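Notes for the one structure printed next.
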Amino acid sequence: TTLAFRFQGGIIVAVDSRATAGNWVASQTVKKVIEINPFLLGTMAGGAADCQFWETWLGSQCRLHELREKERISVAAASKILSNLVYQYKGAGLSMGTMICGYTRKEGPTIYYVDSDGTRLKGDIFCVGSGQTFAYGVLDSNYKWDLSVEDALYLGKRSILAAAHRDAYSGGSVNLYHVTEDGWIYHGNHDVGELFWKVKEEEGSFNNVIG
Amino acid sequence: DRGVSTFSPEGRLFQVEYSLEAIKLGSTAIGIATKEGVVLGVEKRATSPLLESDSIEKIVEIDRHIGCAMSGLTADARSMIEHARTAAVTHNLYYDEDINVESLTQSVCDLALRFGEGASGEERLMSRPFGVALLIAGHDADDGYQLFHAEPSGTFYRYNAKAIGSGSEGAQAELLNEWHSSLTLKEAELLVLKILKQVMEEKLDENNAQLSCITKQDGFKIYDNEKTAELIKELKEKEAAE
Amino acid sequence: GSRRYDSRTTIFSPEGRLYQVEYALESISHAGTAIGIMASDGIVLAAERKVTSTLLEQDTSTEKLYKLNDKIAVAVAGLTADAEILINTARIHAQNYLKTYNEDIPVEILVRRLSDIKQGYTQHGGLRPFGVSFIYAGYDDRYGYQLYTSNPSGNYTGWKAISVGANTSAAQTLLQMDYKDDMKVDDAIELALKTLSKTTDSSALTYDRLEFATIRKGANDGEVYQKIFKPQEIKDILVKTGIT
Amino acid sequence: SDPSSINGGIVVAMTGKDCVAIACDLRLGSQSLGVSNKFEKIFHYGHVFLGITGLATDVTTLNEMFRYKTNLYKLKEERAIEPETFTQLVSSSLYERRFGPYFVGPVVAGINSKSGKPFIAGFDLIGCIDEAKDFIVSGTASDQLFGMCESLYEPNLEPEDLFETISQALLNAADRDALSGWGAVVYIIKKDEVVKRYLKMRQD
Amino acid sequence: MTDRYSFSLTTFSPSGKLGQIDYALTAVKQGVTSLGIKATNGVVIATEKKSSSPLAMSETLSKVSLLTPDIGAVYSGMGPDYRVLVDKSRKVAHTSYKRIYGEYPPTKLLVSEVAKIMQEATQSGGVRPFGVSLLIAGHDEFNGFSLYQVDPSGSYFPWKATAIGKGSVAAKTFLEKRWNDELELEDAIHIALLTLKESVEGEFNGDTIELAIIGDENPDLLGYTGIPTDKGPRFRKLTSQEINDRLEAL
Amino acid sequence: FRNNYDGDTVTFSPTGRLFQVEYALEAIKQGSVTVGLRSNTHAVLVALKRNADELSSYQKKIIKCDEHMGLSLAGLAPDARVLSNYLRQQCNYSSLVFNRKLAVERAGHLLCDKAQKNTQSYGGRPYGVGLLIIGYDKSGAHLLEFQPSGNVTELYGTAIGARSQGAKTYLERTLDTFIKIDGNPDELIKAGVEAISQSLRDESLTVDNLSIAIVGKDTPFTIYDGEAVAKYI
Amino acid sequence: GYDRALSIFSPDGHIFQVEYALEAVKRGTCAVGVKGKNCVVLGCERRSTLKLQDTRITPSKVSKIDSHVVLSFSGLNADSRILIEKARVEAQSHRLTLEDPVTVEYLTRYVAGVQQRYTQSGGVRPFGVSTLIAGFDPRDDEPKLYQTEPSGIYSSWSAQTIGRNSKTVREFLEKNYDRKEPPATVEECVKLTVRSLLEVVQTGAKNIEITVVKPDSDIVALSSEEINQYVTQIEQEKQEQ
Amino acid sequence: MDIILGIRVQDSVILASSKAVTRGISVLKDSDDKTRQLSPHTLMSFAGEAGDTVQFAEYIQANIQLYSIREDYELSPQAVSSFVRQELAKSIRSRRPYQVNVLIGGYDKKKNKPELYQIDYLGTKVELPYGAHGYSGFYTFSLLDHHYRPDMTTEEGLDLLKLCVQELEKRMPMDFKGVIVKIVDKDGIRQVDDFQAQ
Ligand SMILES: *C(=O)[C@H]1NC[C@@](C)(O)[C@](O)([C@H](CC2CCCCC2)NC(=O)[C@H](Cc2ccc(OC)cc2)NC(=O)[C@H](CCO)NC(=O)CN2CCOCC2)O[C@@H]1C
Ligand SMILES: [Mg+2]
Ligand SMILES: [Mg+2]
Ligand SMILES: [Mg+2]
């Protein structure tokens, strides 16, 4: 379960930390965000290897663009390298759903959904993975453009927790990122183990569980 | 004529020797290695005053911890730099680490002898040697701060300091005396500027001469024209003192 | 090895000229003269047959005037065999353009591609250039009547009237003398013959030593016609212009 | 599935006294959905006519291809390709894609300019020539066309009589096939002039 | 190993000549005389069977060759060059025509195809031009009878009548006198035997002369009967016997 | 004479010589001196390294090819890189496929056949370097001398480069002494240093100048440079 | 097959084929480019050895690479077509993958890289062509002018000229172009270009074309009369003295 | 499938194209423009397989933009359609075909007449007064068969679409999130920005 949304205060990026092999839980302590450069984030959902290998390879290709053109790569052009790569492997069975989230002066704050089908879309709000629908549910019914950084961080966290709870194939912990003019800032790892009870008390929600 | 990969009676590759001659006609480049960093300086040498001088890029970044200066047929350097950058990034992709300055140099020198007309070995499709020498400079955890000279022969020496281009045999004799093991970065800066001034046709200012360095902390930084201008003014006042 | 026997057909002189191009131009200067003249209402192609006999069948004979399209023709000056190789790839480019776009090829486009092919034999491959110069007479609905010229160097230019092959200096002076922009096709035919008549290295200009083509837009249709004149029709037009 | 039954359409050709006719429907469909009522299936290269039924993309591509080939033919030979020769070109062209064929059922029709002899032929999709004197049929209602032609047709019909016979064959066959009709055109072909006629037929 | 001769061996000289093409014409000039005559209802091509040794069977060496049932070729110059050109000519008549249009190519086009191969040997890497000139005589439904000349350059021209080789200059002069546009095929076989008597030094009979005609269809030379449209080949080489009968009326 | 028959390696001279190969051989004599010698238990490489300036490094002359094999160079270093790289692969192919340490003898035959192909085909050039190969395989200590003509020779000791004849005359003399330095590595190296110092003239061998390698019974091919070699000066 | 090394080093360290390629450029008809404060101007001379041409269809000397970048050249005309086509394809390729038109430096750097490759590839001779490449970067108002030569070397110029008698007109520009105040107008920028050509062209109405490139893909070639005006004003500047 | 409509009137061609992009169970975007400008007077709308759709569109675009600079001239709508048909007809017999259907609406400045081409992924091309791709055609063709006239103004053309989109909003099972509407005429291409309630 991964999401990225755009608002007054830049971009919010939030991801779960669960790796599965069917109904086996492989890990609860996984990074699903690649920090490409101080102003570019990539999110990972789908085949674990496929995401990791090719988003690491994107990292290299972006660095090669800085050396060549003496200029930070655009989000548009970064998303389109991954997009064009993936498109060459179409039919072969690659599996990745990814958001390229970053700030350039030229573009402003920008999000690209790119998936292994070849689909490349600009937008303000994406949720990607088996948990996407659970996340959309909470996010779409609380989103405004005019949220505070603090409230937008919370909504992002609260929208991953939501999907961590219902979707059997999501959970572990929430990783939070904020993307501004000054780049990305990491807003920490939140173990669903302790987050759920702190939120249920404080928010008075999750009334369906006995606690 | 005769083969492009032919031996002279003195046991030397003609095309490689003739190549080193092209490199003597090139603009000067100097390197000085210290325990506080490595400094690269070049003579820009614009052919006309209408030529916008800071479009002359004869010092390039290879990675954050490696930069190189050139001298000779500078156009031949483009594909060498492309190979240096691709190699440094591709090393980073396969091992999650920075390529060693020495290993980077060894990869560039591996292009040098890939010339011929179908020479029985691999598939060296490149008509002639490169007409350009490189001063590759960098830092790594293993061997500290490093300066390397990469010739079109495929050999590459490590130097404490080295000049290439038109002024080199004059400049080299000067570095021989001036260099010691406990130079500061600041000293080596003044020293490069000083030796360029001596061996350049034109009077040395901040338009026809470019400085750069590589430090562990800050990586590889080309000095902008204002910073170099202040170091030329500093040099003149130290020379006018005694 | 082989290096000993390599002419090196694609190199520069110390002066910056291309040996093999220059010498090919020399080859073309000894070939029968070909003339293009563009009028307001059509284009004339005329050319002189270098060497003839009483016994050379003139009816089944085409050495200088070839149809590339239904809207484009060339006059040749140089090696006939080298010309047929290029004419044949030019005819194919024209059909590949018609198949792709369902429109007839614009004249400059075809001319550029043929000039591009020659240019290749000038920079890579180690083979001799084609000893061939073309006059292209064509119509399209963008520029109307167009007269181009191409040579072994791969270079092309457009013209109101032009000559290639033998005695071009002499021919170009005589056209520059009597050409006017308001000219009519029937005027152009007459100009084309007068010019050949005075640059010929032969006694008289007779019908059997001539090929002739006109690209007109017959006023009773609204479409472009190509006429490659038959022996009897060159013989007619020769008596009318007073050369008998 | 069956590339021969996606778009639908028919062609027939008939010989008469010093004349041939070739007719086709105008339907271009995508299964049940009719899409175009203007899609003509009968092309000409000089005085030689070619009808093509089947997958519509291939109909378009073969017409472009035989235009290309007959054009270069005329430039080199300095004359118009004759029916007999064009037949062989179609045959060899189809056989050349034996293991990836064009899903078509082509039909040649025209008069030999030298002999005056009316000529027709049809071909399977890999270029097996069928050269009957009487008539040639092709498309989704071939069966129907076979029974109309076999019953209606007699030899040595004058052009105006032939026109009735090929028109009644095509019409009455298309009105028994879901994938044919939506209009039709008939070419009557003689040594000198050629008359094209659009027919009035059921629009269902 | 490997053909490392990827560059032209025929290049323009400062005078604008192609050295190798001129030298090939010189080799064609040393060749034995061969000629061609076009009548109203046929064509005749003829040459001398210059036997290298009297022990050699001159019959086993076809200077005159069938290319298609209605086309024939003969040559002056280097016989090995001719032999491989006939081989390539017969096979290009099939691959570039008969396997596509299901009929034999017309004379001008087959000639066009021969010319092309000879041009490529003028320009392709690592080859010399062919050291022959060809005289090709043929018939096709739409162009009637024709006669073409093909040179080492690849150039070709159509002739009413011509000769190539040793005594071409004089053979051409003699054909100009005797040619008219009303000649019957027999009249032209007679003129060909006259013109070829001036070229031959020693014996002149059916066993030293090779002569073939393009004329009427020969149903008796077809091999099968029952298809009316097929009337047999127009090309016919004359027998040793047939030449001698026409020599006694010389 | 010589001017018309030295264009390329595909041309014999009228006396039956290959000049391009002899010219390549010449590049070796211009190279810095290196020595090899062996007992029954160990095999040594002593090489004199050569510096361009006092500001430059003394270029590395000894390359490791496997745990049990390596070689010193003299001539074009880039050619010793290509030939050592090919040896590394063959030592590697022997290990991976047959689980077998490549024999020094067979390493010799393989270098010979690689150098030879360049001497019989147009466009190529001979390798412009000489190599001394030391190994300890299943048949004990070995030393080889490689020549770009493709000639390889198993020896007790030898030397190649400039003034190499001094070290070679000394080994020719010391033969019965050093051959019997079994189970004593420090004494075989000393007799190696005392050999190479017979071919000096310019300078005395210093700390960052000398380069030594050893292989034997229970000693993996290991290269000693600098401070490490201070106890042999 | 053909991989013969045609560009090789001679004993004095010179590549004669690259040297001789420059000689073909000297022989080329002159071309000049001067960049103003807000514009760049390309001016190219037309020969007069053969005049009875069609000026509607004869290929003009300034080529559009994209809608915001142009390329004038001196040297072999046929060679220049191969560089232009390659540059025009890299323009579209760059838009497709970067979603942004080329910078003028990038397009120059590419053309320079192609010329370089043809100086150390078997079977090919260097391009007999130098280029001026001028235009404006996307959403940028700072004017750009760059030069490539057969060797493959490139660099930017306040103003520059290439081809026959470039020596003379470079001298002119070197004492008529102030870097402190570049031609502030489009008009006075076109004036300095025509002036610089009139040192070499020798009375040329129909022997001088001008093309003016402004920001945001605004490129226009001047007609005879428009240039013919600038000639008439410049010859009254001399005579009034 | 997605919605791809075109209708040619007196002096213009109008393309209308659904704004929905839907992977599986989630509508990912509700503002998608399923059209590329090929030349100043030629527009191409497209629907089909996830990746191929835009990859094909942007490839055609680049080729037409290249042709434009090289010849400094705009290809006829007929020429662009014939180029595009041929590209698809190759793709259909390649290892992995482009599964993309297109409408091309263009104004021919030489003929002074609008033109609408419908071309499926096989390379089937036809000129139509009105066209559609996917399930949409099952409703719109019989609708336009009734209400269409060849002499209609651009304004009438737009009412004729508003009638097609309402019918589709009524009877089709998919939420396609309304359409983006573009007009191609003598003056080039402009987007009707107020179709949300026109
Ligand atoms: C939110 O929606 C999350 N839902 C959880 C999860 C696990 O489904 C996943 O899509 C996650 C993506 C992350 C995982 C951590 C690394 C970064 C990517 N995917 C997996 O954890 C992945 C599941 C998966 C397997 C196979 C396929 O099709 C091939 C798709 C998804 N797990 C793995 O790949 C396991 C890793 C641990 O064993 N390995 C394999 O499946 C090995 N086989 C892979 C296929 O090829 C054969 C070998 O996270 C989203 C965001
Ligand atoms: Mg769960
Ligand atoms: Mg029906
Ligand atoms: Mg119905």
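Those protein sequence lines, which keep their order, are chains Y, R, P, W, O, S, Q and X. Each position in the first sequence, counted from 1, maps to that position plus 1 in the deposited numbering. Residue 235 in the deposited numbering is what sits at position 235 of the second sequence, and the numbering runs on without skipping anything. Residue 62 in the deposited numbering is what sits at position 62 of the third sequence, and the numbering runs on without skipping anything. Residue 17 in the deposited numbering is what sits at position 17 of the fourth sequence, and the numbering runs on without skipping anything. Residue 113 in the deposited numbering is what sits at position 113 of the fifth sequence, and the numbering runs on without skipping anything. Residue 32 in the deposited numbering is what sits at position 32 of the sixth sequence, and the numbering runs on without skipping anything. Residue 203 in the deposited numbering is what sits at position 203 of the seventh sequence, and the numbering runs on without skipping anything. Residue 191 in the deposited numbering is what sits at position 191 of the eighth sequence, and the numbering runs on without skipping anything. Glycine is no exception: its CB is placed at the ideal position from the N, C-alpha and C atoms.
Check whether the Cβ atoms of residue i and residue j sit closer than 8 angstroms, and answer yes or no.
| i | j | result |
| --- | --- | --- |
| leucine 37 of chain S | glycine 192 of chain S | yes |
| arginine 234 of chain O | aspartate 216 of chain O | yes |
| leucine 160 of chain X | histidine 147 of chain X | yes |
| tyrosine 145 of chain P | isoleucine 43 of chain P | yes |
Check whether chain R comes within 8 angstroms of residue i, counting only Cβ atoms and requiring the distance to be less than that.
| i | result |
| --- | --- |
| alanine 74 of chain S | no |
| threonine 57 of chain Y | yes |
Can a CB atom of chain X be found closer than 8 angstroms to the CB of residue i?
| i | result |
| --- | --- |
| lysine 61 of chain Q | no |
| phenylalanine 135 of chain Y | no |
How is the beta strand (DSSP E) around residue i delimited, first residue to last?
| i | result |
| --- | --- |
| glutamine 31 of chain W | Here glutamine 31 of chain W belongs to no beta strand (DSSP E), and DSSP marks it neither H nor E. |
| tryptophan 179 of chain R | Here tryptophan 179 of chain R belongs to no beta strand (DSSP E), and DSSP marks it neither H nor E. |
Is residue i helix, strand or coil when you go by DSSP?
| i | result |
| --- | --- |
| residue 269 of chain O | Outside the displayed span of chain O (1 to 250) sits residue 269 of chain O, for which this structure offers no information. |
| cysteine 149 of chain W | helix |
| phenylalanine 130 of chain R | coil |
| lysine 238 of chain R | helix |
| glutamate 145 of chain S | strand |
| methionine 118 of chain O | helix |
| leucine 144 of chain X | helix |
| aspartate 140 of chain P | strand |
| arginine 67 of chain W | helix |
| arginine 171 of chain X | helix |
| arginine 190 of chain X | strand |
Using a beta-carbon distance below 8 angstroms, is residue i in contact with chain O?
| i | result |
| --- | --- |
| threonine 70 of chain W | no |
| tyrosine 101 of chain P | no |
Which residues bound the alpha helix (DSSP H) around residue i?
| i | result |
| --- | --- |
| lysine 90 of chain X | 77 to 91 |
Of all the CB atoms in chain W, is at least one closer than 8 angstroms to the CB of residue i?
| i | result |
| --- | --- |
| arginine 96 of chain X | no |
Counting only C-beta atoms, is residue i closer than 8 angstroms to chain Q at any point?
| i | result |
| --- | --- |
| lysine 81 of chain Y | yes |
| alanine 49 of chain Y | no |
Under 7 angstroms, CB to nearest heavy atom of ligand 2: contacting residues: Y:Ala165, Y:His166, Y:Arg167, Y:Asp168, Y:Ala169, Y:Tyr170, Y:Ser171, Y:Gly172
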